[PDB]
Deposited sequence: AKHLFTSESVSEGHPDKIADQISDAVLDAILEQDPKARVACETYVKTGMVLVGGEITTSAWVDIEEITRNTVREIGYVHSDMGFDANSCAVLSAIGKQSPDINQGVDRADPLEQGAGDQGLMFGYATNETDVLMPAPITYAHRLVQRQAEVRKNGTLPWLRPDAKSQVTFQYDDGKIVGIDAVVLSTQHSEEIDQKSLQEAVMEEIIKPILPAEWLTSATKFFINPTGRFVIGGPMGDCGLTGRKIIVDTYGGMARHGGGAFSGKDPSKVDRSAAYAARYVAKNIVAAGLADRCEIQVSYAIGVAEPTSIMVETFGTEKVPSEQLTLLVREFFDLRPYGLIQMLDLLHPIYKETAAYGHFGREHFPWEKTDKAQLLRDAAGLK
């Protein structure tokens, strides 16, 4: 049935994402010294200032001020005319440090309760929904042409959104695309929307999807000139949907950035992306969403639920069997299943946690084994 579905994305240097990036950049920096460190680092940016506030239990010593400034500079906020300067903004810390003091480590129970969801679909190359995939690809392309000198009047902040028309389950094409970019006072609007169209939109959106009818809204109000932390306000865990799946599938509360892998909010969600992506690569289903939950101090998950939406090639019973077979979903298990104690996390913080094939949770190594045990085909 024809029906439209939208998803948004934002660039690095969008305030919420700056906060994400800084947090995860502190996590990485600690994890590189002490991989078993427990961190919970939350960040707040506002026009003059970054507050990095946390609870951290680690042996490591790391320079919060330096880490913050360096993250703000790669993003590009390096002069007051932009809105925010990495070299003169205030950086404040309120991170409580603690340094450290079952029979099977794998049986260690979950720290904090919760629910996590994971999804895959055969509708892109990357087993991700088409909307959030292109949505991210627009903002990433924006950062690219910004950063590579091609379109250098572009400044950091930027938001994209693409609405897809499906008739049923076939992505038929793109109804609308909106994109908004901070820019210098040097360029004009009509000059801008030529370049955004040629260099940013036209190379990313598949041309067959783009029609005579496609409503493009490039800078619709827009002379976007100051941006980033000037007059907006960034906090970690606010681009939670964008991080995930653009709202194609569901979500439990929970934020990723600034949480070390002992946090199920993160590692269980990553593990769920891994279990569904494996299910779909094996052809057990076309579309798969999984809910796993935990309760504090229990180690086995309190619930697993698979929804393959009429798209199975094996009954959901057998599916649920294989899920709780090939995958260790005890907190410490999924940490070991995906080899998580490594500084790989700042890369996660912008352009989306999933869909980007080089992350441990994006591997389809269990493809065949799942196929086999689910009645070889």
item	value
Ranges of the deposited sequence (numbered from 1) for which no C-alpha atom is modelled	102 to 107
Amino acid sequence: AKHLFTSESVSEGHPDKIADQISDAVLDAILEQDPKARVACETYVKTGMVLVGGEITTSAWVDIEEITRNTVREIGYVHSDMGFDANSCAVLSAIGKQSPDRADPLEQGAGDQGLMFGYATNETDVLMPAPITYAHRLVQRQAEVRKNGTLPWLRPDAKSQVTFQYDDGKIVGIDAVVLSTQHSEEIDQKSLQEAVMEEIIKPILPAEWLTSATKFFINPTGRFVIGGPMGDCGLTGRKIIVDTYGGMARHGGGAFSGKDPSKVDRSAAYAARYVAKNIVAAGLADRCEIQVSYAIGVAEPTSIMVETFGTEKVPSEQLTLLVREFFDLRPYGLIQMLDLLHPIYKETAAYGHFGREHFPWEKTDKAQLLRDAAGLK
From here on, numbers count along this sequence of modelled residues.
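C-alpha atoms forming the largest set that superposes within 1.5 Å between two forms make up the rigid core.
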| property | result |
| --- | --- |
| Between 281 to 289 and 106 to 114, larger RMS Cα displacement in 6 other deposited structures of this protein after core fit | 106 to 114 |
| Outlying stretch relative to shown form, 91 to 99 versus 226 to 234 in 6 other deposited structures of this protein, C-alpha RMS (core) | 91 to 99 |
| Stretch with the higher entry mean CA B-factor, where the candidates are 4 to 12 and 366 to 374 | 366 to 374 |
| Of 357 to 365 and 18 to 26, the stretch whose C-alpha atoms average the higher B-factor in the entry | 357 to 365 |
| Per the PDB entry, maximal CA B factor within 208, 243, 300, 157 | 208 |
| Criterion, highest CA B-factor; candidates, 125, 85, 175, 112 | 125 |
| Position of residue 236 among the chain's modelled residues by C-alpha B-factor, lowest, middle or highest third | lowest |
| Where the record places residue 317 (Cα B-factor, split into thirds across the chain) | highest |
| Residue 74, C-alpha B-factor rank within chain (lowest, middle or highest third) | middle |
| Third assignment of residue 43 from its chain's C-alpha B-factors | lowest |
| Among modelled residues of the same chain, the CA temperature factor third for residue 228 | middle |
